[PDB]
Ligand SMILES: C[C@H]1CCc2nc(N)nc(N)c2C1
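Only one chain is shown below, in structure tokens, and it's the form deposited without the ligand.
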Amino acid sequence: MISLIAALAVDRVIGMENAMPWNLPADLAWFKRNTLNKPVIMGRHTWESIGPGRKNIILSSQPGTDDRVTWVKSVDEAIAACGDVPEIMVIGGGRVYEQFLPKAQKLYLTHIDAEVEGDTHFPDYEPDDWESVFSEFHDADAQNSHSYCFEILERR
């Protein structure tokens, strides 16, 4: 199966011109929990932002620039590179989420109570086509700059 994992500010904003204006180690821990050694697919801009671990599959139209990870030139090649696994984790960014949302069976979302003027958004999903199977709200604290809610949705 294919899953998407993303952290959304209000209006489904996921990315800005620069690094996101928050500090959420709990979200980093949740991201790790839910990826572990599973194959990940990401776009080239997300790869440049995160600086590797599992299979790391990077989408780019151009030849790859780091032989430690696997570079692919299409969605189909990305899926093929992950092989026959229980769950593929699509980790961003906006252009990649848009292409994989119709293929996805599960969303792992972190809803962050932050308003940020973004340039990239998580794709529109119709909540009626998705069953919320898990939800956990957390307050901001000494380590986390904003309140946040982890949610898992499974396609209906």
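Note that residue numbering begins at 1 and tracks the sequence as displayed.
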**OP:** Look at the stretch from residue 64 to residue 65 and count the residues of the deposited sequence that the entry does not model, then pick none, 1 to 3, 4 to 9, or 10 or more.
**Re:** none
Subject >> Size class of the missing deposited segment between residue 51 and residue 52 >> reply: 1 to 3
Original post:
So 124-132 or 105-113, which one's hotter by mean CA B-factor in the entry?
Top reply: 124-132
Original post:
Got a sec? Mean C-alpha B-factor, which is higher, 90-98 or 24-32?
Top reply: 24-32
Original post:
When the modelled residues of the chain are sorted by Cα temperature factor, does residue 16 land in the lowest, middle or highest third?
Top reply: highest
**OP:** Grab the CA temperature factor for residue 55 from the record and place it in the lowest, middle or highest third of its chain.
**Re:** highest
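Keep in mind the form solved in complex with the ligand is missing from the figure; the text below concerns it.
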**OP:** Counting non-hydrogen atoms within 4.5 angstroms of the ligand in the deposited complex, say which of 101, 116, 28, 69 makes the cut.
**Re:** 28
Original post:
Are any of the heavy atoms in residue 91 no more than 4.5 Å from a heavy atom of the ligand in the deposited complex?
Top reply: yes
Original post:
Using heavy atoms and a 4.5 Å limit, would one call residue 2 a contact residue for the ligand in the deposited complex?
Top reply: no
Original post:
Contact between residue 140 and the ligand in the deposited complex at 4.5 Å, heavy atoms?
Top reply: no
**OP:** Using the arrangement in the deposited complex, list in sequence order the residues of 97-113 with any heavy atom within 4.5 angstroms of the ligand.
**Re:** 97, 110
